[PDB]
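Structure first, commentary second.
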Amino acid sequence: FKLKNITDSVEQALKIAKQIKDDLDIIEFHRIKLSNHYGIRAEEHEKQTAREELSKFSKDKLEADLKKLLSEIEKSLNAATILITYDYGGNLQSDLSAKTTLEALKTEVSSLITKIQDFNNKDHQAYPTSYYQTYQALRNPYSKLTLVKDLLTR
């Protein structure tokens with residue numbers, strides 16, 4: 001029950017984090033077709049497809065996504081404390097590290113929200129691409145939650 005509580009929330013966090021990461025993939029893919037000077041020549045129709053896809057993404061979508069991710073991380077923390085207090089001669093260090101990584105994620109995701117809200121582009125250009133630090137910061141949560149999941153799966 002308590003284990004399901006923690007692991008269900010982590011799974012919900014993982015899902016949004018994976019989304020963010022996939023969203024970066026989509027934007028990069030189509031942006032490179034639209035780029036006047038970078039990447040491989042695309043046909044006019046790929047370029048038109050790119051404009052329409054890129055219009056599905058905005059600064060607000062990204063902020064909303066991060067706020068949702070942060071909420072699931074904070075429910076993950078809470079569930080982690082319950083599981084932690086519920087000691088049998090000593091806490092598993094797997095449990096401790098999970099909580100530790102989660103605490104790290106929370107500040108890192110909060111920081112990224114504060115960072116992104118002051119971007120000036122409202123369109124897809126609020127999303128950084130790798131062609132840079134922020135690009136990496138945005139997809140780090142998936143890795144760390146992938147470790148949180150791994151640690152609680154015994």
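Don't worry about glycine lacking a Cβ; one is built from the backbone with ideal geometry, like all the others, and counts go over all protein chains shown. Taken together, the values in this text are just the output of simple stated rules run on the coordinates, not laboratory data.
Between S55 and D22, what length comes free when the chain is fully extended (0.36 nm per residue of separation minus the Cα-Cα distance, one decimal in nm)?
Working: separation 33, 0.36 × 33 = 11.88 nm, distance 1.57 nm.
So the chain would gain 10.3 nm between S55 and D22.
7 Å from Cα along Cα→Cβ at both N121 and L3: what's the point-to-point distance in nm?
The modelled label-to-label distance comes out at 4.6 nm.
Using a Förster radius of 35 Å, what is the FRET efficiency between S94 and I32 based on their Cβ-Cβ separation? Nearest 0.05, please. Could the numbers behind the result be given before it?
Numbers: r = 41 Å, r/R0 = 1.16.
Using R0 = 35 Å, I get an efficiency of 0.30.
Using only helices, what value at 222 nm comes out for the chain when you add -39,500 (n - 2.57) per DSSP H run of length 4 or more and divide by the total residues, to the nearest 500 deg cm²/dmol? Kindly include the intermediate steps, with their values, before the conclusion.
Working: 5 runs with 116 residues, N = 154.
Counting only the DSSP helices, I get -26500 deg cm²/dmol.
With θ taken as phi - 60° and the coefficients 6.51, -1.76 and 1.60, list the Karplus ³J(HN,Hα) couplings across the range 90-103 in order, rounded to whole Hz; mark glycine and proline as x.
Once rounded to whole Hz, the list reads x, 4, 4, 6, 4, 4, 4, 5, 4, 4, 4, 6, 5, 4.
Give me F29, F1 ranked fewest to most by other Cβ atoms within 10 Å of their Cβ, as a rough exposure proxy. Could you put the intermediate results ahead of the total?
Working: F29 14, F1 6.
Final ranking by Cβ density, sparse to dense: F1, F29.
Among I116, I26, which comes first, then next, by fewest other beta-carbon atoms within 10 Å? Present the calculation step by step, with values, prior to reporting the outcome.
Working: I116 19, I26 15.
The fewest-first ordering by Cβ neighbours comes to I26, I116.
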